[PDB]
>>> print(open('target_2.pdb').read())   # PDB, C-alpha atoms
ATOM      1  CA  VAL A   1     -17.586 -24.642 -78.397
ATOM      2  CA  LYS A   2     -18.743 -27.177 -75.792
ATOM      3  CA  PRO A   3     -17.177 -30.555 -74.924
ATOM      4  CA  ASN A   4     -18.861 -33.903 -75.646
ATOM      5  CA  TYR A   5     -17.778 -36.032 -72.677
ATOM      6  CA  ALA A   6     -19.310 -39.491 -72.879
ATOM      7  CA  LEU A   7     -18.977 -42.415 -70.459
ATOM      8  CA  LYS A   8     -16.318 -44.960 -71.484
ATOM      9  CA  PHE A   9     -15.566 -47.051 -68.387
ATOM     10  CA  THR A  10     -16.947 -47.645 -64.919
ATOM     11  CA  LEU A  11     -14.397 -48.836 -62.329
ATOM     12  CA  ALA A  12     -15.618 -50.997 -59.431
ATOM     13  CA  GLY A  13     -13.439 -52.177 -56.593
ATOM     14  CA  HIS A  14     -13.642 -49.967 -53.564
ATOM     15  CA  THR A  15     -15.860 -51.301 -50.773
ATOM     16  CA  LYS A  16     -16.719 -47.898 -49.293
ATOM     17  CA  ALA A  17     -17.060 -44.346 -50.578
ATOM     18  CA  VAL A  18     -14.260 -43.199 -52.852
ATOM     19  CA  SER A  19     -12.583 -40.022 -51.515
ATOM     20  CA  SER A  20     -10.262 -38.845 -54.272
ATOM     21  CA  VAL A  21      -9.049 -39.680 -57.794
ATOM     22  CA  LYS A  22      -5.847 -38.370 -59.398
ATOM     23  CA  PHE A  23      -4.166 -38.978 -62.761
ATOM     24  CA  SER A  24      -0.406 -39.593 -62.725
ATOM     25  CA  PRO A  25       1.588 -36.734 -64.293
ATOM     26  CA  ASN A  26       2.880 -39.144 -67.000
ATOM     27  CA  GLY A  27      -0.746 -39.940 -67.989
ATOM     28  CA  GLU A  28      -0.440 -43.692 -67.483
ATOM     29  CA  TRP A  29      -2.385 -44.235 -64.276
ATOM     30  CA  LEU A  30      -5.308 -43.239 -62.121
ATOM     31  CA  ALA A  31      -4.948 -43.481 -58.331
ATOM     32  CA  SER A  32      -7.984 -43.599 -56.089
ATOM     33  CA  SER A  33      -8.327 -43.430 -52.312
ATOM     34  CA  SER A  34     -11.299 -44.512 -50.200
ATOM     35  CA  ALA A  35     -12.964 -44.730 -46.841
ATOM     36  CA  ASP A  36     -12.149 -48.486 -47.187
ATOM     37  CA  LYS A  37      -8.491 -47.687 -46.175
ATOM     38  CA  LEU A  38      -7.178 -48.590 -49.624
ATOM     39  CA  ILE A  39      -5.488 -46.949 -52.540
ATOM     40  CA  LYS A  40      -6.203 -48.484 -55.974
ATOM     41  CA  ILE A  41      -4.275 -48.008 -59.212
ATOM     42  CA  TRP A  42      -6.059 -48.167 -62.573
ATOM     43  CA  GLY A  43      -5.036 -47.725 -66.209
ATOM     44  CA  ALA A  44      -5.825 -44.164 -67.245
ATOM     45  CA  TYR A  45      -6.940 -45.016 -70.789
ATOM     46  CA  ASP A  46      -8.749 -48.362 -70.344
ATOM     47  CA  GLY A  47      -9.724 -48.214 -66.645
ATOM     48  CA  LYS A  48      -8.112 -51.614 -66.182
ATOM     49  CA  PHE A  49      -7.478 -52.423 -62.541
ATOM     50  CA  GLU A  50      -3.741 -52.542 -61.819
ATOM     51  CA  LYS A  51      -3.336 -53.083 -58.044
ATOM     52  CA  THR A  52      -4.242 -52.280 -54.473
ATOM     53  CA  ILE A  53      -1.963 -50.504 -52.029
ATOM     54  CA  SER A  54      -2.731 -51.241 -48.378
ATOM     55  CA  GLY A  55      -1.486 -50.115 -44.922
ATOM     56  CA  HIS A  56      -3.555 -47.256 -43.474
ATOM     57  CA  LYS A  57      -5.507 -48.197 -40.350
ATOM     58  CA  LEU A  58      -8.483 -45.930 -41.095
ATOM     59  CA  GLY A  59     -10.097 -44.251 -44.074
ATOM     60  CA  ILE A  60      -8.128 -42.155 -46.532
ATOM     61  CA  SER A  61      -9.355 -38.679 -47.599
ATOM     62  CA  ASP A  62      -6.710 -37.839 -50.200
ATOM     63  CA  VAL A  63      -3.913 -39.224 -52.369
ATOM     64  CA  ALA A  64      -1.431 -37.385 -54.594
ATOM     65  CA  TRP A  65       1.328 -38.183 -57.086
ATOM     66  CA  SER A  66       4.951 -37.110 -57.135
ATOM     67  CA  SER A  67       5.808 -35.199 -60.300
ATOM     68  CA  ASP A  68       7.753 -38.179 -61.777
ATOM     69  CA  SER A  69       4.740 -40.483 -61.232
ATOM     70  CA  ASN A  70       6.861 -42.829 -59.023
ATOM     71  CA  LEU A  71       5.429 -41.991 -55.579
ATOM     72  CA  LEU A  72       2.109 -41.374 -53.948
ATOM     73  CA  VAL A  73       1.307 -39.670 -50.682
ATOM     74  CA  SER A  74      -1.955 -40.383 -48.846
ATOM     75  CA  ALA A  75      -3.740 -38.599 -45.974
ATOM     76  CA  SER A  76      -5.713 -40.691 -43.448
ATOM     77  CA  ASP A  77      -7.997 -40.583 -40.455
ATOM     78  CA  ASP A  78      -5.309 -42.671 -38.699
ATOM     79  CA  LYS A  79      -3.577 -39.248 -38.362
ATOM     80  CA  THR A  80      -0.694 -40.236 -40.635
ATOM     81  CA  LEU A  81       0.399 -39.657 -44.142
ATOM     82  CA  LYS A  82       2.154 -42.436 -45.987
ATOM     83  CA  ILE A  83       4.605 -42.142 -48.875
ATOM     84  CA  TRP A  84       4.338 -45.066 -51.268
ATOM     85  CA  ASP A  85       6.613 -46.415 -53.955
ATOM     86  CA  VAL A  86       3.945 -47.162 -56.592
ATOM     87  CA  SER A  87       5.963 -49.787 -58.505
ATOM     88  CA  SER A  88       6.803 -51.944 -55.451
ATOM     89  CA  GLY A  89       3.728 -51.081 -53.361
ATOM     90  CA  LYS A  90       6.142 -50.350 -50.463
ATOM     91  CA  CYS A  91       5.286 -47.836 -47.755
ATOM     92  CA  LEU A  92       8.524 -45.832 -47.736
ATOM     93  CA  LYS A  93       7.686 -43.532 -44.833
ATOM     94  CA  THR A  94       4.854 -42.958 -42.380
ATOM     95  CA  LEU A  95       4.567 -39.277 -41.530
ATOM     96  CA  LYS A  96       3.558 -38.862 -37.900
ATOM     97  CA  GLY A  97       2.940 -35.487 -36.285
ATOM     98  CA  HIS A  98      -0.618 -34.326 -36.888
ATOM     99  CA  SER A  99      -2.778 -34.586 -33.757
ATOM    100  CA  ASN A 100      -5.987 -35.375 -35.625
ATOM    101  CA  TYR A 101      -7.266 -36.717 -38.957
ATOM    102  CA  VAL A 102      -5.172 -35.831 -41.996
ATOM    103  CA  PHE A 103      -7.503 -34.576 -44.745
ATOM    104  CA  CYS A 104      -5.400 -33.326 -47.640
ATOM    105  CA  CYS A 105      -1.956 -33.633 -49.170
ATOM    106  CA  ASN A 106       0.335 -32.737 -52.033
ATOM    107  CA  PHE A 107       3.941 -32.914 -53.165
ATOM    108  CA  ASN A 108       5.723 -29.765 -54.253
ATOM    109  CA  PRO A 109       6.642 -29.641 -57.971
ATOM    110  CA  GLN A 110      10.194 -30.845 -57.133
ATOM    111  CA  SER A 111       8.689 -33.657 -55.029
ATOM    112  CA  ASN A 112      11.226 -33.215 -52.165
ATOM    113  CA  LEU A 113       8.511 -31.871 -49.833
ATOM    114  CA  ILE A 114       4.975 -32.821 -48.891
ATOM    115  CA  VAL A 115       2.346 -30.437 -47.553
ATOM    116  CA  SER A 116      -0.550 -31.718 -45.452
ATOM    117  CA  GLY A 117      -3.674 -30.305 -43.832
ATOM    118  CA  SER A 118      -5.545 -31.724 -40.876
ATOM    119  CA  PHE A 119      -8.607 -31.572 -38.617
ATOM    120  CA  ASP A 120      -6.006 -30.360 -36.064
ATOM    121  CA  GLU A 121      -6.169 -26.943 -37.833
ATOM    122  CA  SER A 122      -2.508 -27.059 -38.935
ATOM    123  CA  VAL A 123      -0.652 -27.165 -42.208
ATOM    124  CA  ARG A 124       2.549 -29.245 -42.103
ATOM    125  CA  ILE A 125       5.556 -29.430 -44.404
ATOM    126  CA  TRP A 126       7.484 -32.714 -44.488
ATOM    127  CA  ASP A 127      10.820 -33.878 -45.911
ATOM    128  CA  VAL A 128      10.062 -36.641 -48.463
ATOM    129  CA  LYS A 129      13.480 -38.339 -48.074
ATOM    130  CA  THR A 130      13.504 -38.610 -44.245
ATOM    131  CA  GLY A 131       9.739 -38.597 -43.616
ATOM    132  CA  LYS A 132      10.232 -35.977 -40.854
ATOM    133  CA  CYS A 133       8.073 -32.943 -40.102
ATOM    134  CA  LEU A 134      10.019 -29.772 -40.945
ATOM    135  CA  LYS A 135       7.427 -27.106 -40.096
ATOM    136  CA  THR A 136       4.040 -26.886 -38.441
ATOM    137  CA  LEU A 137       2.019 -23.806 -39.420
ATOM    138  CA  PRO A 138      -0.774 -22.750 -37.014
ATOM    139  CA  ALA A 139      -2.729 -22.060 -40.130
ATOM    140  CA  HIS A 140      -6.451 -22.007 -39.357
ATOM    141  CA  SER A 141      -9.090 -22.122 -36.605
ATOM    142  CA  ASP A 142     -11.049 -25.072 -38.040
ATOM    143  CA  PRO A 143     -10.162 -28.178 -40.104
ATOM    144  CA  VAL A 144      -7.956 -27.630 -43.136
ATOM    145  CA  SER A 145      -9.714 -28.847 -46.291
ATOM    146  CA  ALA A 146      -7.041 -28.479 -48.954
ATOM    147  CA  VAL A 147      -3.389 -27.636 -49.428
ATOM    148  CA  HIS A 148      -1.459 -27.065 -52.668
ATOM    149  CA  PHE A 149       1.939 -25.763 -53.823
ATOM    150  CA  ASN A 150       2.249 -23.141 -56.512
ATOM    151  CA  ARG A 151       4.121 -23.674 -59.776
ATOM    152  CA  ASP A 152       7.652 -23.221 -58.388
ATOM    153  CA  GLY A 153       6.879 -24.492 -54.880
ATOM    154  CA  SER A 154       7.659 -21.138 -53.178
ATOM    155  CA  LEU A 155       4.086 -20.807 -51.913
ATOM    156  CA  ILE A 156       1.447 -22.973 -50.308
ATOM    157  CA  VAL A 157      -2.302 -22.258 -50.461
ATOM    158  CA  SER A 158      -4.562 -23.678 -47.756
ATOM    159  CA  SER A 159      -8.316 -23.600 -47.261
ATOM    160  CA  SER A 160     -10.396 -24.199 -44.185
ATOM    161  CA  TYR A 161     -13.798 -24.577 -42.601
ATOM    162  CA  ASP A 162     -12.898 -21.285 -40.830
ATOM    163  CA  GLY A 163     -13.855 -19.521 -44.084
ATOM    164  CA  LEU A 164     -10.351 -18.510 -45.066
ATOM    165  CA  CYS A 165      -7.876 -19.267 -47.769
ATOM    166  CA  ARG A 166      -4.294 -18.475 -46.824
ATOM    167  CA  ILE A 167      -1.071 -18.184 -48.782
ATOM    168  CA  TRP A 168       2.104 -19.270 -46.978
ATOM    169  CA  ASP A 169       5.810 -18.731 -47.711
ATOM    170  CA  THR A 170       7.138 -22.313 -47.989
ATOM    171  CA  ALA A 171      10.604 -21.279 -46.741
ATOM    172  CA  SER A 172       9.678 -19.108 -43.698
ATOM    173  CA  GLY A 173       6.167 -20.319 -42.854
ATOM    174  CA  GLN A 174       4.923 -16.689 -42.865
ATOM    175  CA  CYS A 175       1.258 -16.001 -43.711
ATOM    176  CA  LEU A 176       1.515 -13.764 -46.801
ATOM    177  CA  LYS A 177      -2.182 -13.402 -47.602
ATOM    178  CA  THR A 178      -5.652 -14.135 -46.277
ATOM    179  CA  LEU A 179      -8.448 -14.323 -48.819
ATOM    180  CA  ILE A 180     -12.192 -14.157 -48.083
ATOM    181  CA  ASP A 181     -15.123 -12.609 -50.010
ATOM    182  CA  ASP A 182     -18.280 -10.812 -48.695
ATOM    183  CA  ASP A 183     -19.692 -13.890 -46.929
ATOM    184  CA  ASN A 184     -17.835 -16.401 -44.684
ATOM    185  CA  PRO A 185     -18.905 -19.932 -45.664
ATOM    186  CA  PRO A 186     -16.523 -22.858 -45.084
ATOM    187  CA  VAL A 187     -13.881 -23.160 -47.792
ATOM    188  CA  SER A 188     -13.952 -26.768 -48.853
ATOM    189  CA  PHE A 189     -11.273 -26.840 -51.564
ATOM    190  CA  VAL A 190      -8.531 -24.754 -53.129
ATOM    191  CA  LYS A 191      -5.725 -25.061 -55.638
ATOM    192  CA  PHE A 192      -3.470 -22.933 -57.813
ATOM    193  CA  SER A 193      -4.104 -22.711 -61.539
ATOM    194  CA  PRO A 194      -1.694 -24.594 -63.867
ATOM    195  CA  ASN A 195      -0.058 -21.268 -64.842
ATOM    196  CA  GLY A 196       0.187 -20.272 -61.156
ATOM    197  CA  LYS A 197      -1.560 -16.887 -61.537
ATOM    198  CA  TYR A 198      -4.874 -17.844 -59.902
ATOM    199  CA  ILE A 199      -6.392 -19.914 -57.156
ATOM    200  CA  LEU A 200      -9.661 -21.771 -57.612
ATOM    201  CA  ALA A 201     -11.640 -22.082 -54.379
ATOM    202  CA  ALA A 202     -14.814 -23.934 -53.477
ATOM    203  CA  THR A 203     -17.065 -22.771 -50.683
ATOM    204  CA  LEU A 204     -20.015 -24.601 -49.145
ATOM    205  CA  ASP A 205     -22.539 -22.133 -50.565
ATOM    206  CA  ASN A 206     -22.632 -23.846 -53.980
ATOM    207  CA  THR A 207     -19.909 -21.611 -55.404
ATOM    208  CA  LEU A 208     -16.518 -21.905 -57.088
ATOM    209  CA  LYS A 209     -14.367 -18.758 -57.353
ATOM    210  CA  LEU A 210     -11.282 -17.919 -59.411
ATOM    211  CA  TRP A 211      -9.019 -15.456 -57.555
ATOM    212  CA  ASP A 212      -5.991 -13.429 -58.520
ATOM    213  CA  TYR A 213      -4.270 -14.126 -55.198
ATOM    214  CA  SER A 214      -1.541 -11.475 -55.806
ATOM    215  CA  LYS A 215      -4.123  -8.650 -56.129
ATOM    216  CA  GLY A 216      -6.560 -10.408 -53.759
ATOM    217  CA  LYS A 217      -9.455 -10.129 -56.211
ATOM    218  CA  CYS A 218     -12.177 -12.590 -57.221
ATOM    219  CA  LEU A 219     -12.206 -12.596 -61.024
ATOM    220  CA  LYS A 220     -14.845 -15.251 -61.815
ATOM    221  CA  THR A 221     -17.545 -17.290 -60.072
ATOM    222  CA  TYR A 222     -18.912 -20.629 -61.272
ATOM    223  CA  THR A 223     -22.377 -21.623 -60.094
ATOM    224  CA  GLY A 224     -25.163 -24.047 -60.998
ATOM    225  CA  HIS A 225     -23.903 -27.083 -59.056
ATOM    226  CA  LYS A 226     -24.785 -28.241 -55.558
ATOM    227  CA  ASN A 227     -22.099 -28.066 -52.843
ATOM    228  CA  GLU A 228     -23.174 -27.394 -49.233
ATOM    229  CA  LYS A 229     -21.754 -30.405 -47.345
ATOM    230  CA  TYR A 230     -18.771 -32.232 -48.830
ATOM    231  CA  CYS A 231     -15.234 -31.285 -49.665
ATOM    232  CA  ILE A 232     -15.498 -31.653 -53.441
ATOM    233  CA  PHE A 233     -12.405 -31.228 -55.642
ATOM    234  CA  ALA A 234     -12.395 -28.865 -58.630
ATOM    235  CA  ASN A 235     -10.134 -28.880 -61.679
ATOM    236  CA  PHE A 236      -8.789 -26.876 -64.567
ATOM    237  CA  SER A 237      -9.250 -28.849 -67.803
ATOM    238  CA  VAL A 238      -6.559 -27.685 -70.244
ATOM    239  CA  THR A 239      -6.105 -30.426 -72.868
ATOM    240  CA  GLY A 240      -8.895 -29.144 -75.189
ATOM    241  CA  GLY A 241     -11.279 -26.288 -74.355
ATOM    242  CA  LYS A 242     -10.410 -24.359 -71.186
ATOM    243  CA  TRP A 243     -12.945 -25.563 -68.617
ATOM    244  CA  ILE A 244     -13.567 -25.793 -64.894
ATOM    245  CA  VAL A 245     -14.659 -29.248 -63.725
ATOM    246  CA  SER A 246     -16.299 -30.242 -60.444
ATOM    247  CA  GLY A 247     -18.423 -32.883 -58.818
ATOM    248  CA  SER A 248     -21.707 -31.996 -57.203
ATOM    249  CA  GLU A 249     -24.127 -33.150 -54.535
ATOM    250  CA  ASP A 250     -26.861 -33.775 -57.181
ATOM    251  CA  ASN A 251     -24.753 -36.695 -58.471
ATOM    252  CA  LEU A 252     -23.501 -34.920 -61.604
ATOM    253  CA  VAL A 253     -20.163 -33.733 -62.952
ATOM    254  CA  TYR A 254     -20.343 -30.043 -63.915
ATOM    255  CA  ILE A 255     -18.179 -28.509 -66.651
ATOM    256  CA  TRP A 256     -18.050 -24.702 -67.151
ATOM    257  CA  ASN A 257     -16.404 -22.483 -69.716
ATOM    258  CA  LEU A 258     -13.575 -20.854 -67.689
ATOM    259  CA  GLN A 259     -13.844 -17.461 -69.399
ATOM    260  CA  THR A 260     -17.617 -17.127 -69.836
ATOM    261  CA  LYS A 261     -18.637 -19.017 -66.646
ATOM    262  CA  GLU A 262     -21.494 -20.773 -68.504
ATOM    263  CA  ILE A 263     -22.183 -24.443 -67.879
ATOM    264  CA  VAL A 264     -21.116 -26.330 -71.020
ATOM    265  CA  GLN A 265     -21.885 -29.910 -69.942
ATOM    266  CA  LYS A 266     -23.301 -31.988 -67.101
ATOM    267  CA  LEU A 267     -22.338 -35.683 -66.834
ATOM    268  CA  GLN A 268     -25.004 -38.039 -65.530
ATOM    269  CA  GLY A 269     -24.452 -41.591 -64.267
ATOM    270  CA  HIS A 270     -23.392 -41.732 -60.641
ATOM    271  CA  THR A 271     -25.955 -42.784 -57.998
ATOM    272  CA  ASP A 272     -24.486 -40.643 -55.190
ATOM    273  CA  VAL A 273     -22.582 -37.374 -54.607
ATOM    274  CA  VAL A 274     -19.606 -36.945 -56.963
ATOM    275  CA  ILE A 275     -16.863 -36.128 -54.430
ATOM    276  CA  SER A 276     -13.888 -36.034 -56.759
ATOM    277  CA  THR A 277     -12.981 -35.397 -60.357
ATOM    278  CA  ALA A 278      -9.642 -35.275 -62.156
ATOM    279  CA  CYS A 279      -8.519 -34.246 -65.609
ATOM    280  CA  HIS A 280      -5.994 -36.270 -67.603
ATOM    281  CA  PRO A 281      -2.749 -34.365 -68.342
ATOM    282  CA  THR A 282      -2.720 -34.864 -72.178
ATOM    283  CA  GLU A 283      -6.036 -36.421 -73.358
ATOM    284  CA  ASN A 284      -9.548 -35.042 -72.892
ATOM    285  CA  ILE A 285     -10.434 -37.578 -70.190
ATOM    286  CA  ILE A 286     -12.216 -36.907 -66.888
ATOM    287  CA  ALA A 287     -12.259 -39.335 -63.955
ATOM    288  CA  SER A 288     -15.161 -38.938 -61.505
ATOM    289  CA  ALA A 289     -15.764 -40.763 -58.198
ATOM    290  CA  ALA A 290     -18.785 -41.050 -55.939
ATOM    291  CA  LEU A 291     -19.839 -41.621 -52.321
ATOM    292  CA  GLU A 292     -21.063 -44.702 -50.345
ATOM    293  CA  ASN A 293     -24.296 -45.502 -52.258
ATOM    294  CA  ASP A 294     -22.335 -45.678 -55.533
ATOM    295  CA  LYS A 295     -18.683 -46.682 -54.804
ATOM    296  CA  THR A 296     -17.560 -46.414 -58.449
ATOM    297  CA  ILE A 297     -15.209 -44.329 -60.514
ATOM    298  CA  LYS A 298     -16.143 -43.342 -64.083
ATOM    299  CA  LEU A 299     -13.943 -42.371 -66.991
ATOM    300  CA  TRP A 300     -15.417 -39.989 -69.533
ATOM    301  CA  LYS A 301     -13.874 -38.925 -72.852
ATOM    302  CA  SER A 302     -14.451 -35.950 -75.178
ATOM    303  CA  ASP A 303     -13.297 -35.035 -78.703
ATOM    304  CA  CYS A 304     -12.467 -31.496 -77.406
TER     305      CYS A 304
ATOM    306  CA  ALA B   1     -12.900 -38.954 -43.686
ATOM    307  CA  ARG B   2     -13.985 -36.723 -46.643
ATOM    308  CA  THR B   3     -16.714 -39.192 -47.478
ATOM    309  CA  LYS B   4     -18.616 -38.107 -44.317
ATOM    310  CA  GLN B   5     -19.576 -34.550 -43.271
TER     311      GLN B   5
END
>>> encode(input="target_2.pdb", output="structure tokens")
Amino acid sequence: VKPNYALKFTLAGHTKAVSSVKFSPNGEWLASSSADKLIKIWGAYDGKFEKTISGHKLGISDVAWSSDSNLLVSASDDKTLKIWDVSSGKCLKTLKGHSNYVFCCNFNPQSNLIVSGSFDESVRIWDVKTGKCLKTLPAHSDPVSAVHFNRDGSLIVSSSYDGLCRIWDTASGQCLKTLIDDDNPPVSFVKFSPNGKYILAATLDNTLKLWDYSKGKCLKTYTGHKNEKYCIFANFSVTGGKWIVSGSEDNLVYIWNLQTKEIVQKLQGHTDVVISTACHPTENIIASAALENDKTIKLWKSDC
Amino acid sequence: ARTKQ
């Protein structure tokens, strides 16, 4: 079986390159961030513009939802993160502590902590309630491209331009694992699998890899796309067929069969690099977003 | 930001 993703909506609004798109855990909303310093909220099913959330002083590289869909956290070149109440649009807290651009962010599954990665080569853990920095991890020797909590929040995974993925004990800050394969290209993205057994990592040699992080073994590689320059997100699609989804620097969305590693679909439409993709939590819907020559977000739907 | 490299 292959999917049949077809374009349903194109979402215009951002005035510069879009940096990230994320579906709310409750399925209602899509959040986008951009180089234009704005966060936008859109209906997940119709693509209907909902509102703009404003306050960062420079471009935003990432945005992420709390697990109850009530909050967002964003990571900006202004060297802050901001925690937002989505319903009111209020900036609840500004997280100050990184010494350089903040590139990536996530809540833990409980949503009492935030993890952040920066050009300053650190990973930081923040208290959501107080907005204060709890721990700074001297994590990497180059900018940190992605950070993510595992299923129970006991671990953090980080990736970096230094060529490493690392696994951190949330509680102690100890480095529990370093992962790298036979070459040392920059690692541009990483996340845990939905079941928490694997990490999915992108490297800037046109390769996605699925790792068993506990055994430290690469189990699958996904290739065929173009990724040598940008920090492009990748996803597990789990609502229908079990796929891997990623943008690409040839302006397409790539979808692979997770088990077989074969390309099952390529989505054509964007006019620039597809920097970010996201998969809806319950319906077979992909959101894709593109860089400065395009500026749009697209919603695609499949029967499986 | 992410939108430049």
>>> closest_residue(input="target_2.pdb", among="A:136, A:116, A:221, A:34", to="residue B:1", atoms="only C-alpha atoms")
A:34
>>> axis_aligned_box(input="target_2.pdb", around="chain B", padding_each_side="4 Å", output="JSON")
{"center_x": -16.2, "center_y": -36.9, "center_z": -45.4, "size_x": 14.7, "size_y": 12.6, "size_z": 12.2}
>>> residues_near_point(input="target_2.pdb", point="(-15.3, -40.4, -48.7)", cutoff="10 Å", atoms="all atoms listed in the file", output="PyMOL selection string")
(chain A and resi 16-20+33-36+59-62+230-232+273-276+289-292+295) or (chain B and resi 1-5)
>>> atom_distance(input="target_2.pdb", atom1="atom CA of residue A:190", atom2="atom CA of residue A:202")
6.3 Å
>>> atom_distance(input="target_2.pdb", atom1="atom CA of residue A:288", atom2="atom CA of residue A:142")
27.6 Å
>>> atom_distance(input="target_2.pdb", atom1="atom CA of residue A:217", atom2="atom CA of residue A:147")
19.7 Å
>>> resolve_selection(input="target_2.pdb", expression="the PyMOL selection byres ((chain A and resi 69) around 10)", output="PyMOL selection string")
chain A and resi 23-29+64-68+70-72+85-87
>>> write_last_selection(input="target_2.pdb", atoms="C-alpha atoms", output="CSV table (one decimal), in the frame of the given file")
chain,number,residue,atom,x,y,z
A,23,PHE,CA,-4.2,-39.0,-62.8
A,24,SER,CA,-0.4,-39.6,-62.7
A,25,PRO,CA,1.6,-36.7,-64.3
A,26,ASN,CA,2.9,-39.1,-67.0
A,27,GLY,CA,-0.7,-39.9,-68.0
A,28,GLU,CA,-0.4,-43.7,-67.5
A,29,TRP,CA,-2.4,-44.2,-64.3
A,64,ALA,CA,-1.4,-37.4,-54.6
A,65,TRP,CA,1.3,-38.2,-57.1
A,66,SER,CA,5.0,-37.1,-57.1
A,67,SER,CA,5.8,-35.2,-60.3
A,68,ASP,CA,7.8,-38.2,-61.8
A,70,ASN,CA,6.9,-42.8,-59.0
A,71,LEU,CA,5.4,-42.0,-55.6
A,72,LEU,CA,2.1,-41.4,-53.9
A,85,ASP,CA,6.6,-46.4,-54.0
A,86,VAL,CA,3.9,-47.2,-56.6
A,87,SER,CA,6.0,-49.8,-58.5
>>> resolve_selection(input="target_2.pdb", expression="the PyMOL selection byres ((chain A and resi 92) around 12)", output="NGL selection string")
:A and (55 or 70-74 or 81-91 or 93-95 or 128-131)
>>> residues_around(input="target_2.pdb", residues="stretch 1-8 of chain A", least_positions_apart="2", cutoff="12 Å", atoms="only C-alpha atoms", output="number ranges by chain")
A: 10-11, 44-48, 237-245, 253-258, 260, 262-270, 279, 283-288, 297-304
>>> residues_around(input="target_2.pdb", residues="residue A:148", least_positions_apart="2", cutoff="8 Å", atoms="all atoms listed in the file", output="JSON, numbers by chain")
{"A": [105, 106, 107, 108, 115, 146, 150, 156, 157, 158, 190, 191, 192]}
>>> write_last_selection(input="target_2.pdb", atoms="C-alpha atoms", output="PDB file, in the frame of the given file")
ATOM      1  CA  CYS A 105      -1.956 -33.633 -49.170  1.00  0.00           C
ATOM      2  CA  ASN A 106       0.335 -32.737 -52.033  1.00  0.00           C
ATOM      3  CA  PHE A 107       3.941 -32.914 -53.165  1.00  0.00           C
ATOM      4  CA  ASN A 108       5.723 -29.765 -54.253  1.00  0.00           C
ATOM      5  CA  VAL A 115       2.346 -30.437 -47.553  1.00  0.00           C
ATOM      6  CA  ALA A 146      -7.041 -28.479 -48.954  1.00  0.00           C
ATOM      7  CA  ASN A 150       2.249 -23.141 -56.512  1.00  0.00           C
ATOM      8  CA  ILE A 156       1.447 -22.973 -50.308  1.00  0.00           C
ATOM      9  CA  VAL A 157      -2.302 -22.258 -50.461  1.00  0.00           C
ATOM     10  CA  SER A 158      -4.562 -23.678 -47.756  1.00  0.00           C
ATOM     11  CA  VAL A 190      -8.531 -24.754 -53.129  1.00  0.00           C
ATOM     12  CA  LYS A 191      -5.725 -25.061 -55.638  1.00  0.00           C
ATOM     13  CA  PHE A 192      -3.470 -22.933 -57.813  1.00  0.00           C
TER      14      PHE A 192
END
>>> closest_residue(input="target_2.pdb", among="A:138, A:97, A:143, A:281", to="residue A:126", atoms="all atoms listed in the file")
A:97
>>> closest_residue(input="target_2.pdb", among="A:183, A:205, A:121, A:272", to="chain B", atoms="all atoms listed in the file")
A:272
>>> resolve_selection(input="target_2.pdb", expression="the PyMOL selection byres ((chain A and resi 99) around 10)", output="count of residues only")
14
>>> closest_residue(input="target_2.pdb", among="A:198, A:103, A:168, A:236", to="chain B", atoms="all atoms listed in the file")
A:103
>>> decode(input="target_2.pdb", residues="chain B", atoms="C-alpha atoms", output="compact mmCIF listing (two decimals), in the first residue's frame")
# COMPACT_ATOMS: atom_id res chain seq x y z
CA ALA B 1 17.21 31.57 11.78
CA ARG B 2 16.53 28.07 10.30
CA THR B 3 15.40 29.68 7.08
CA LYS B 4 19.04 30.67 6.34
CA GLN B 5 22.12 28.40 6.31
